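Quick setup: one chain, the form deposited in one PDB entry, written in structure tokens, and binding and motion questions come after.
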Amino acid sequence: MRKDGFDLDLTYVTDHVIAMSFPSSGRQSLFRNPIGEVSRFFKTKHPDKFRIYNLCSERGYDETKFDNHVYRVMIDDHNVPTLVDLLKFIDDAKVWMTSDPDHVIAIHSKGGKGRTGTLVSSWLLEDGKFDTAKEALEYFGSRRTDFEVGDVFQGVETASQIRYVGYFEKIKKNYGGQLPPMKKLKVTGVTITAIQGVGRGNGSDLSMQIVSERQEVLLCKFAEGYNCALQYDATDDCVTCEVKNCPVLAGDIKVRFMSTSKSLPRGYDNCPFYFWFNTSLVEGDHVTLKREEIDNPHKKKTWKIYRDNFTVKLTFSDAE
């Protein structure tokens, strides 16, 4: 049985904003579901000071029980909260932080990085500490790593996480802190540039899944023409796919690309590359994401595969 133990990692982002995590378990530990007991300690030994936010996956949410002093947010590892849930979090934090100058918010997630960073950086924007998502993200990265070099990827883990902090910035600045109006869209096309070196280099290994919040709503398989029609353009080093039968989409959308190619590595989320967007913040008839704006190609270790001009564009139709 060698070594067990409780390793509570606590990082003061500001004097009243804490990021907490438990980096050490491990495997079979006596300390199962530590949040309940950390909460119990706070309400006993430091009453009416700390409010804990527990950020956990769909599966991990089931293991939790309601707590008066704990606010739960459902977010999958290497993913983002719904924009609605992000705004609800900000509202709850605002109420807690403003009611008493001594009040502290403590944000917890398993890895103490991507999910925590998304919410902490959004909070820093709400409290006016920074004017831009980039500044907030870099600052949190610097606090959690104790390292000076400003890197947004030290603050969060994925490009969608960076996007969602940006979404909050836009909501605060341009929408009066309110959720933007619903926008209904259908995906009618996908275009991928710099396809050479990516799987088979011609799109024939690829499939695309569209997920609405947590439910698959469309699957396209490119080579086969399953809900689609693939065209490979060698002269422009790109693939374009007509997307067929897309249902009406609204709100938070996840797009995942899968491959039958052994040579194309999976990153996070059990796939080669993926991204999140919100339909309400789509401008025009498309969204185009560059290499470092896509989840997985954002990592330098994949740059021999996803080259400088690798981009993914979704083309939309207006659904009333």
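Residue positions are given as counts along the sequence shown, with the first one as 1. We call the rigid core the largest set of C-alpha positions that still match within 1.5 Å between the two forms.
A second form of this protein, the form deposited in another entry, is not displayed here; the remarks below concern that form.
Annotation: the position in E216, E224, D151, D91 displaced by at least 2 Å at CA between the shown form and the other one, with the core superposed, corresponds to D151. A displacement of 2 angstroms or greater separates the C-alpha positions of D62 between the shown form and the other one, with the rigid core held in common. With the core superposed, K262 shows a C-alpha displacement below 2 Å between the shown form and the other one.
The Cα shift for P34 between the shown form and the other one, taken after rigid core superposition, is 2 angstroms or larger. Inter-residue distance, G60 to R51 (Cα): reduced by at least 3 Å in the other entry versus the depicted form. Compared with the form shown, the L83-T64 C-alpha separation increases in the other entry, the change being 3 Å or greater.
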